[PDB]
Every structure is written in C-alpha cells, then in structure tokens.
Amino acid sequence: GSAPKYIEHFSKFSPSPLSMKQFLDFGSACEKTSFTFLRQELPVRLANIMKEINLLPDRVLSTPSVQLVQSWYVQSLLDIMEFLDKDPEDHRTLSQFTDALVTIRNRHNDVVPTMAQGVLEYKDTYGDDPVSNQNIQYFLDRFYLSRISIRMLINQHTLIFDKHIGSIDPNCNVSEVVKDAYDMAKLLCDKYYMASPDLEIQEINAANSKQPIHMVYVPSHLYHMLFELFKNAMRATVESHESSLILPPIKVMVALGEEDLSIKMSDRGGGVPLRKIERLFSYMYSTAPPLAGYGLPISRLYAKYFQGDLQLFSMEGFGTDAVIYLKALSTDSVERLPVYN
C-alpha cells in the first residue's frame, strides 16, 4: 500500500490553526466548505503526528501499544483519502464523510490507556530515569495535543452537520460549568468518603463589576479541566482532615481581565512539597500498576490548546492553588498545534 507515501506527502504541509472566529463562521459558510477543508487538513494533522511516531526509537516503536495506535492512525488516514477525488455537490459524498468521521473518532477512543500501557512497559523494560521522563513528556504532550485538535475538528463537523455551535458555546457561563463539575465531583466524593467540602465561587469582572462572566469556549474542555481539579482538591481536603472534624470549603475565583479569564481553585488539603509538583504533570511518574496518560497533564493540554495554561502552586502544610488561564477574547483563542520538523 501507499501509507508511507501519504505520510510523506501530507507531512510536508503545516497544520492550519483556526481561531474561535473561524470555528464560529463554519457553523453559520456551510457543509461543502467543511468537507473540502477537512479532507485536506485531517490528513495533514494525521500525517504530521504519524511521522513523529515513526521517529521514536525501535525499542519504543516495536512495542504492541505503539504498533496498535500507529495502525489506527494508518486506517483513519486511508478512510479520509477515499474522499479526496469525491464530488462535494453529491449529498451522498457528504453524509458518507460524516459517517467516516464518527468511525475514526470511535476507533481512537482508547488511545490514552493504550499509550499508558506503552509507558508502563517502557518503565519495566528500560527504566524510569530523568532523560526517559523528558522524552515521554515531550512526545505525549505533542501526541495528546495533536489528538485534542483532531477531535475538535471532527466534533465541529459531526455536531453542526447532522445557540451552541457544535462543541463551542459563544456565551459560556464560566461559574455554571464550575458548579456542574463541582456537583459531579461531590457525588463521587460523598460515595467514596463519608464527607465532601462545600463550594464557594467569587467572580471579579474587572471592567464590568457584578456583570456575570461569559466567554466563547468549548465547555466540555472547561468541564474536563474543572472536574479533574475538583477531584484532586476533594481527595486532599478529605484525607488531610479525616482526624479533624471541620472540612474547609473549596474556593473558586473567576477573574475577567483585559486579556485573561483566570479560574483559581484553592483548597486546604495540606499541600505538597515543591519537589513533588513536577511529578503530578509527568506521564511517567504518574503511571503505575484522584477519586476512588493522566488527568493533570491532559487537563493542562486542554488549557494550552487555545493559548491558555494550567499551573499548580502549593503551600506544604496548608493547601494548593490550581489556576486555569484562558484567553478572554475569541480573537486570541487560536489552536496551539505541535508542528513536525
């Protein structure tokens, strides 16, 4: 077959990062334009990461987990090729493309735990030295960020072409998503422990005091990050106080500035020493044989994906602040994509 040839062809192109603006307009031009865009852009994005996978050393590349994921990417690229010559005006072309995208999305559902098995095997077969850790971190941050970007494209297409524009809410109420993610975390926390901390939210709308804070965002991404952070803040608060009786609440501040929309989650879970902070973001050090890959490093990629970030600052003996940084403005919300070279 031609998969290596295709990988070589399409890996010559740079992925084309889109803004919220471009994402919103695609959900007004129409389906024909999304098809002609995606049938070029997905092969570019697939090929770019596949080429990087092929640069891994043979002792990583030859393992079953990487071979299995490499085979998903090959099939998914070939499924998209079928459509390069097809005629956009034929509505049978268009509905078949949507079908093809749903299959591809489903096919890659188990990438995270599959890659996690590759990390476990590497730890036991070659060891867990700091240079191994940086290469795993380098590779998986790029791989998972690439994968987030591909799921975004597919989701926008399949959801729009069967108020919200697919996975985008142009009027996302940040505090509502905070409450949702808290309510779910509380549910799990009450089940596994005899207690759960309460929630306090404070908003700070710098330019428009007391006006509720809204933004253009992908609320499922924001929920994913807030849920992960609530789980950690709840486990820590509960376990650090099981001999205590009082249970400090989790305090969330939502700040809207000129360019940043910032969400701080503060707990009194007794904190972590600075030395152990880097480990919490490490795919390697957080892989082993939360509440009852991994949550923190992947939550940080979701934040990075539209030019944001997620930082942890702890105070050993007191507690931990987690901050999600997002761009306030849809104009500054552009895909961050790993480019091959």
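Residue positions are given as counts along the sequence shown, with the first one as 1. For the two forms, the rigid core is made up of the largest set of C-alpha atoms that agree within 1.5 Å on superposition.
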Fill in: Stretch departing more from the displayed form, 29-37 or 279-287, Cα RMS in 5 other deposited structures of this protein (core fit)
29-37
Practice prompt. Check whether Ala292 goes without coordinates in at least a third of the other compared PDB entries of this protein that model residues on both sides of it.
Written response: yes
Practice prompt. Mind giving me a quick count class for deposited residues absent from the model between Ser28 and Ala29? Options are none, 1 to 3, 4 to 9, 10 or more.
Written response: 1 to 3
Worksheet item: What size is the break between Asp162 and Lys163 in terms of deposited sequence residues left without coordinates: none, 1 to 3, 4 to 9, or 10 or more?
Response: 4 to 9
Worksheet item: Should the higher mean CA B-factor in the entry be assigned to 205-213 or to 266-274?
Response: 205-213
Practice prompt. Name the higher of the two by mean Cα B-factor in the PDB entry, 326-334 versus 5-13.
Written response: 5-13
Worksheet item: Per the entry, which of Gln311, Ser62, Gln307, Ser314 tops the list for Cα B factor?
Response: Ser62
Practice prompt. Just grab whichever of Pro130, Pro113, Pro219, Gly257 has the top CA B-factor as deposited.
Written response: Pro130
Worksheet item: Among the modelled residues of its chain, does the C-alpha B-factor of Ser19 lie in the lowest, middle or highest third?
Response: middle
Worksheet item: Within this chain, which third does the Cα B-factor at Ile298 fall in: lowest, middle or highest?
Response: lowest
Discussion item. Based on the deposited C-alpha B factors for this chain, I'd like to know if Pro170 is in the lowest, middle or highest third.
Written reply: middle
Discussion item. Looking at the temperature factor on the CA atom of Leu140, which third of the chain's modelled residues does it land in?
Written reply: lowest
Worksheet item: Which third, lowest, middle or highest, does the CA B-factor of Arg147 fall in along this chain?
Response: lowest
